[PDB]
6 protein chains.
Amino acid sequence: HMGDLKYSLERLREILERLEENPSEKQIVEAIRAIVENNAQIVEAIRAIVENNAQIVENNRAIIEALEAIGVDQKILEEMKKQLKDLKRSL
Amino acid sequence: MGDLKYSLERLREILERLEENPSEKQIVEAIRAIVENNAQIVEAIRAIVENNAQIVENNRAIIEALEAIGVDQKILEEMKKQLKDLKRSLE
Amino acid sequence: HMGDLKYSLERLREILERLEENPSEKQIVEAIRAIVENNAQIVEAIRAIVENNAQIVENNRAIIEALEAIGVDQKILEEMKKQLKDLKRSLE
Amino acid sequence: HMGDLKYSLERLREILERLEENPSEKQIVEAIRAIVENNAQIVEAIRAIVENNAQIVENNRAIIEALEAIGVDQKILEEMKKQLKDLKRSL
Amino acid sequence: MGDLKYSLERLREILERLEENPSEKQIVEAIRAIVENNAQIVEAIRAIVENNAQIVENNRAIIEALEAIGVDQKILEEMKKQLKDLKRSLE
Amino acid sequence: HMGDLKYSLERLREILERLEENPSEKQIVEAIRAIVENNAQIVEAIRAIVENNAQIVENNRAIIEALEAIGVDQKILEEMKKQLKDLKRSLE
């Protein structure tokens with residue numbers, strides 16, 4: 001959409017220079033039509049950005065779940081410590 | 001986002017009404033609608049920027065945790081010498 | 001910039017009041033010019049948000065690449081497990 | 001057992017000096033009895049060492065199992081990479 | 001270990017036989033049995049030492065893996081600057 | 001030492017042949033002396049194996065202490081998860 005944004009805006013500026021040269025009701029209306037079409041594209045882009053942000057957060061969420069599991073669980077960790085307590089006793 | 005989609009719907013309706021019976025009253029009406037739509041675009045953008053800021057700080061915490069996921073070089077240093085010791089007595 | 005956004009919008013509202021107070025072709029055109037200038041700044045702010053999102057995704061990509069290497073390589077794991085097997089055989 | 005070893009051996013050396021002073025069939029037999037009792041204790045100690053070694057290997061085995069799980073599984077890891085491929089595409 | 005327990009059983013039997021009807025033939029017999037028991041103690045010890053050597057080398061591999069379990073300081077260095085970058089553009 | 005073991009045993013076998021060849025009270029006593037000397041070296045070798053086992057257990061103890069800290073502290077994990085929650089709330 002960033003392409004349509006750049007050009008939807010370039011189109012907009014052309015009409016504006018035009019409008020400022022030969023102001024008329026038709027040119028004003030034409031300029032407003034162009035504005036509306038540019039806002040429609042701004043809205044579309046924003047809707048996409050907000051969607052990208054949502055996916056980013058889901059990826060970040062998965063990253064934390066991974067971090068959550070990187071350690072050694074306290075169930076096996078507890079097993080090894082007792083094993084060591086035992087060995088130290090016998091020894 | 002909800003407000004955006006509708007302030008854009010409201011904007012498109014005036015535009016065709018303007019294009020139907022154009023008048024100074026309608027042009028001004030349409031401009032007021034544009035301004036209201038732009039103010040809502042601006043709020044959305046500000047929210048997106050706030051979300052980006054919070055996203056970047058979460059990424060920072062993720063990296064802080066990655067830094068600490070390994071085993072300390074102090075503790076790792078003690079074990080190697082322990083190993084060095086053993087391998088000497090043993091031989 | 002977020003500031004230039006805030007003010008190209010405040011400027012825009014000022015003209016709109018003027019326009020509604022004393023409507024005229026000159027004021028209408030002036031309001032349209034202000035609109036285009038505000039749209040230009042909306043577009044630039046959007047352009048930067050898209051830039052920032054791409055860098056964020058790149059950073060996320062590095063984070064995952066680091067998570068992939070946090071484990072112990074399966075070449076060392078393979079060697080240790082074999083050692084454990086041999087030991088268990090000799091001791092028994 | 002290391003205590004009984006040290007003293008079972010000290011006892012042994014006493015008889016030996018004794019034996020070497022007044023050699024006799026009774027002292028020889030007495031010395032052999034002492035030897036046998038010392039070997040019995042050496043065997044007991046060895047049996048314990050071999051048991052300690054067995055427990056050590058079991059602990060080492062658990063340590064490797066832990067190392068085996070410290071990473072992030074290739075099932076979630078695969079999920080995040082696709083999530084990123086998706087994001088990169090849309091974006 | 002099996003051989004140990006029995007060369008010790010064999011040794012104890014001669015001892016009581018020696019103590020029953022002591023003779024130079026029996027004393028020499030008992031000494032031969034002792035020597036055979038000691039040779040078997042020595043083999044056991046040598047095996048235990050071999051096991052200790054293999055144990056120590058497994059521990060070395062365990063520590064080598066612990067060293068590599070973290071995230072490289074090179075990769076970790078790249079991400080922080082990435083974060084530094086973002087936080088600058090963003091603000 | 002493992003070497004002094006090997007040789008106090010070879011020495012021991014030599015006397016035993018002598019003893020069996022020409023038995024005598026002097027040779028018997030001499031064989032017993034050799035035995036005690038071999039037992040003394042068995043005991044020392046055992047004493048070192050017990051020493052080495054204790055250091056091995058100590059090293060194993062450090063390895064487990066390092067495994068306990070390989071995870072990400074639950075204080076950082078707590079903070080990140082909260083951040084994720086807030087973000088999900090603002091974005092929605």
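Throughout, protein chains are lettered first and strands after them, A, B, ... in sequence-line order, and every chain is numbered starting at 1. The figures here come from the full heavy-atom set of this structure, side chains too, leaving out hydrogens, waters and symmetry mates.
- Pairing each heavy atom of A/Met80 with each of D/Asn59, the nearest pair is O-ND2, 3.4 Å.
- Smallest separation of non-hydrogen atoms from A/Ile70 and D/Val72: CG1-CG2, 3.5 Å.
- Rounding to the nearest 0.5 angstrom, the gap separating the CG atom in A/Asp86 from the CG atom in D/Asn52 is 11.0 Å.
- If you take CG on A/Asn53 and CG on D/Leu87, they are separated by 9.5 Å, rounding to the nearest 0.5 Å.
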